[PDB]
Amino acid sequence: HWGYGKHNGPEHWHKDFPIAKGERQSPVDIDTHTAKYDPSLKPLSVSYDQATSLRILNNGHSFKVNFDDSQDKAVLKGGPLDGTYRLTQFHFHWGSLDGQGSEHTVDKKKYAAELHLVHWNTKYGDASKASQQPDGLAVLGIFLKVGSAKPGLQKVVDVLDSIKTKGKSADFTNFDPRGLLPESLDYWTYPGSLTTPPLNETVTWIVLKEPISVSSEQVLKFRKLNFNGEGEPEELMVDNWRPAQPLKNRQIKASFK
Ligand SMILES: NS(=O)(=O)c1cc(C(=O)O)c(Cl)cc1Cl
Ligand SMILES: [Zn+2]
């Protein structure tokens, strides 16, 4: 029932998900002048060499690639994290135009899209249990700007016409998420939430400073997806982003400079 339209969009979500007006909601605006360099952050470790992708799916609100997380294959450690977080899926948020699409903003600037690599704390055994714990999830967020093509994204864009409508899935094995990362692992970090219902306040956000560049042709392919199921009125899947939420009593910490 929830979505991104006038009648079911982010301003409505609080009726079914009252935590929408909570104390640690995401996304937020990252005020780069107010964020404090934190010398106690350990190096961030993105270890994706053994990642095992499975399937790609149109879920009616985004498209998602899932991974085999039955063992420690692709993990995130270090930075603000304690222990080991396993990669379970990635998805994206994007706009109708190149100047909007991202969920996080940087001094109020919106990027064309945002990649979320979703990970869960292995001390909780499974992703369901992890998603109910204050330190259960970690999302590595990566901004996309339009410019030069991103080669490591092209395999994703080329399969999207096989999952046009809600509920469609396709095989998506042997995909390497290392091809989605920028050069720098400089980041901002803060405690927050899922940006989609049920908006659980269980996420350590790690947002990279350096965007990746993607071509206009790559982002245009994202905008050909549909929110609707096959044989319903066609509604293009665009502007599937939640706007910035109040920071409230939270500090954003920077890993750099
Ligand atoms: N946008 S987000 O906050 O990364 C997020 C989205 C989803 C979703 O698939 O919609 C899930 Cl299950 C978990 C997280 Cl953590
Ligand atoms: Zn997301």
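Atoms considered below: every heavy atom in the structure, side chains included; atoms not considered: hydrogens, waters and symmetry mates. In what follows, residues are counted from 1 in the order of the sequence shown.
- Note on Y48: it clusters hydrophobically with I56, by side-chain heavy-atom contacts below 4.5 Å among ILVMFWY residues.
- The neighbour count for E235 CD, taken as heavy atoms of other residues, nucleotides or ligands under 6.0 Å away, does not exceed 12.
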Next item on the list: Determine, step by step, whether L199 and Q25 satisfy the side-chain contact (heavy atoms from CB on, under 4.5 Å) criterion, reporting the C-alpha distance in whole Å, the side-chain angles of both residues, the deciding distance to 0.1 Å, and the verdict.
Entry: CA-CA 7 Å; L199 305 173; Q25 292 287 289; 3.7 Å; yes
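- Between the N58 side chain and the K168 main chain, no donor and acceptor come within less than 3.5 Å of each other.
- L144 and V159 fall within a single hydrophobic cluster, where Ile, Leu, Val, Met, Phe, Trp and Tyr side chains are chained together by heavy-atom contacts under 4.5 Å.
- Under a 3.5 Å cut-off, the side chain of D239 and the backbone N or O of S96 do form a donor-acceptor pair.
- When hydrophobic clusters are built by joining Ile, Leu, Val, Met, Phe, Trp and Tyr residues whose side-chain heavy atoms come closer than 4.5 Å, directly or via intermediates, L76 is grouped together with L181.
- For the atom pair CD of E23 and CD of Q245, the computed distance is 12.0 Å after rounding to the nearest 0.5 Å.
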Margin query: Checking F222 against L153 for the side-chain contact (heavy atoms from CB on, under 4.5 Å) test, could you report, in this order, the C-alpha distance in whole Å, the side-chain angles of both residues, the deciding distance, and whether it holds?
Written below: CA-CA 11 Å; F222 285 17; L153 182 61; 4.2 Å; yes
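- Looking only at atom types and distance, the side chain of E234 has no donor-acceptor partner in the side chain of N228 under 3.5 Å away.
- With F17 as the aromatic partner, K15 does not meet the cation-pi criteria of under 6.0 angstrom to the ring centre and within 45 degrees of the ring axis.
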Notebook entry, point to check: Do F143 and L115 pass the side-chain contact (heavy atoms from CB on, under 4.5 Å) test, and can you show the C-alpha distance, the side-chain angles, and the key distance before you say yes or no?
Noted result: CA-CA 6 Å; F143 298 119; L115 165 57; over 6 Å; no
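- Annotation: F63 is in aromatic contact with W94 [ring centroid separation under 6.0 Å].
- Annotation for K145: atom NZ does not count as buried by contact number, only 12 or fewer foreign heavy atoms lying within 6.0 Å.
- The aromatic ring centres of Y37 and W188 sit 6.0 Å or more apart.
- At most 12 non-hydrogen atoms from other residues, nucleotides or ligands lie less than 6.0 angstrom from CG of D82.
- Linking ILVMFWY residues whenever their side-chain heavy atoms come closer than 4.5 Å, directly or via other members, places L117 and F172 in the same cluster.
- Other residues, nucleotides and ligands contribute at most 12 non-hydrogen atoms within 6.0 Å of the CD atom of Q50.
- Put simply, the side chain of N66 gets close to the backbone of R55: a donor and an acceptor are under 3.5 Å apart.
- Of the candidates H12, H14, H7, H61, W2 forms a ring-ring contact (aromatic ring centres under 6.0 Å, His included) with just one, namely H61.
- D135 and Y124 are linked by a side-chain donor-acceptor pair at a separation below 3.5 angstrom, with hydrogens and angles left out of the test.
- Partner of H104 under the side chain to side chain donor-acceptor pair (under 3.5 Å) criterion, out of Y190, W241, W205: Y190 alone.
- Between the OG1 atom in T189 and the CG atom in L208 there is a gap of 10.5 Å [rounded to 0.5 Å].
- Aromatic pair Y187/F256: ring centres not closer than 6.0 Å.
- Under the 3.5 Å distance criterion, with hydrogens and angles disregarded, a donor-acceptor pair is assigned to the side chains of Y85 and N121.
- Here NE2 of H91 is found 9.5 Å from NZ of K64. Values are rounded to the nearest 0.5 Å.
- Atoms NZ and CG, from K164 and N226 in turn, are 5.0 Å apart once rounded to the nearest 0.5 Å.
- Rounded to the nearest 0.5 angstrom, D31 CG and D107 CG are separated by 5.5 Å.
- Between the side chain of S193 and the main chain of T195, no donor-acceptor pair closer than 3.5 Å is present.
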